[PDB]
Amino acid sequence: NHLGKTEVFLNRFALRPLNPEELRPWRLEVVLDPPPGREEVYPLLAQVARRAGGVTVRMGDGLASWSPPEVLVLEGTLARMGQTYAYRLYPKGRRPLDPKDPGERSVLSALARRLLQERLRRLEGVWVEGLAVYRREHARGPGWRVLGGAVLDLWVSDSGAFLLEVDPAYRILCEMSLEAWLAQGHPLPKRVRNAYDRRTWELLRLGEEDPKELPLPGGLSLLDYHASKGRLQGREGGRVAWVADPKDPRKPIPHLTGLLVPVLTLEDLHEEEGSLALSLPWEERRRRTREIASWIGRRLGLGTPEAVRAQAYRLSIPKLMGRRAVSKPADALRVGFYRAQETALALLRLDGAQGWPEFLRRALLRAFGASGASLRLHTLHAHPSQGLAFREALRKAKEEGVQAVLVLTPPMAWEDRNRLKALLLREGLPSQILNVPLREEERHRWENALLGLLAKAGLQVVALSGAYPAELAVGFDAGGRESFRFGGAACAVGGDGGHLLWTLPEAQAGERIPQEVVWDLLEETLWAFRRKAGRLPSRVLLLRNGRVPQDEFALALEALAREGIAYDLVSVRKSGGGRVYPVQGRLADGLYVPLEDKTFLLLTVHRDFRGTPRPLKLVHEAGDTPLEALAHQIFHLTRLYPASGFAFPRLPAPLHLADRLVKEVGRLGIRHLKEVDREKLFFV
């Protein structure tokens, strides 16, 4: 191996192997009347396990248990969606389960988790939300405190052992009223909860009215209203507070500040504490992870926790290329781009002012100078409020070779931002916005805005230097919408990643991307590779954001086999990787950690040393490229994103682009994209 080995700890701990009585759970038969539906079987079975109590989990069509039937509610009644059923439990003995059998250890682990939860529920000083445990004051001020603990998990090995997952976690509690909060000179919090229940509102403003005078729609005083329900007992109705239901933050509602409690944010605390942060340096997290794990092991009698370790790998550093070797995409602004064509940019200024800021102009001229490419800056002399007659100023601009526009503007309301984006997109003109109180020392901002303006004009700013198995990398994501998704793809064309492009996403009902939309988009990207390389990819790298729905790539994978194209399919989850800590030494990004076959973690980015990194968890779902070669290429693709400039995304450029793309399309809509070259990354 040409890669440097390192050992790592996972945030998992090995515990004792299950004993006989744990391997052979009480079985039970479930007799539900009226007999269940089909989509309603498991949900009711689970609500029966929960209604029977003890360490009980559903198992198949009946239930498993680590509790004696003599402490189980064997007869009962539960109310599901509309219908009221009655259940009965028939102790079918005690069959043993086998940890190798996937759904059997699925049951063993289910029971482990329920056990852990019950052991936790009985602990005295601790606060326990589900599997989260908070046990120690971490910070505090007048009226508030922050509790520290950890989220946990207990499951069963393939080899019959208990497994503990631990990750330090915090909870912010405010137990003071709004009145006191505001009386200590702090600012209004954006959200606020009822003091007498969980109902939570957005806090609009404070009221000038008198509680005892404010007539409540159909009845009494604000004060008299609340008094009625006995809420002023042991409390002091404060001032008038106008709040709103977050679902429709229009219609204001009267409330009293003595009966509201602030919902706090880290910044509401930064007014007080200032030096309080909730993320941890990785070594601190590792330490507390170990302490808490030992603490639980000691409250659990499942042995002494032995931190599980894995073999990690230092991946080769990606060689990023501008015109010359580069270390971050912003450096391309000084050295030149990987491949720059002739370009024409336009300016839309929407403050009172006029013309290109000289430093931007010079930065651009230098970059194209350095790149050995011609540049022609234009300036739109028209305003959006000229209604549509400015579309014609837009018409002019496309008839001279303008590939993208800079909008120099005051901060825009989201609505107007979209209105404008759309408006310029109709004419196939991607826009980069730059907020206009702007000064040359705000360098990372205008240089990122510039890098984005350039990606949006179709320039390739950086590429990789290296030989990778796949000559085509395409990432698939689903949706930038609520009740339905979009599902689209983006593209790193060439082994150098010499080209990036996007594909029009297609409206769909949920996560799963229709098999045929998958193959369609893929085909679009095959056409791209073909028409710039004159040949078909020998191998493609297929990437999904998140879990991959059952055989949703099947049609496309078969289409690929047919056309004699080799391929790999990787599922890239942002969650589920847990944690990774060096046994010795520092931790740098580029970490590759094999877990089972078909799966591995990748610590792709580390940079904000006040926080702890979250490895991606990746599953090799199809294909037969060595795990290490996939890791290597994913890792390098992380560095290919043009629009970030000073920090790399945690996701590989195609998946990060696909994400940005379906969020933009979900935001602006799908219309107005007919006239946009797919090489202009309009959405970064």
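Numbering starts at 1 and runs along the sequence shown.
Of the two segments examined, 552 to 560 and 188 to 196, it is 552 to 560 that shows the higher average Cα temperature factor in the deposited entry. Set 519 to 527 against 366 to 374 and average the Cα temperature factors; 366 to 374 ends up higher. Residue-level inspection of the entry shows that, of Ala79, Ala389, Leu123, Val156, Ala389 has the top Cα B-factor. When the C-alpha B-factors of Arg94, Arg286, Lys396, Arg299 are read from the PDB record, the largest value belongs to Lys396. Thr625 sits in the highest third of its chain by CA B factor, as recorded in the PDB entry. The PDB entry assigns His632 a C-alpha temperature factor belonging to the highest third of its chain's modelled residues. For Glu22, the recorded CA B-factor ranks within the lowest third of the chain. Only modelled residues enter the ranking.
For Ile670, the recorded CA B-factor ranks within the highest third of the chain. Only modelled residues enter the ranking. Per the deposited record, the Cα B-factor of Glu39 falls in the highest third when ranked against the other modelled residues of its chain.
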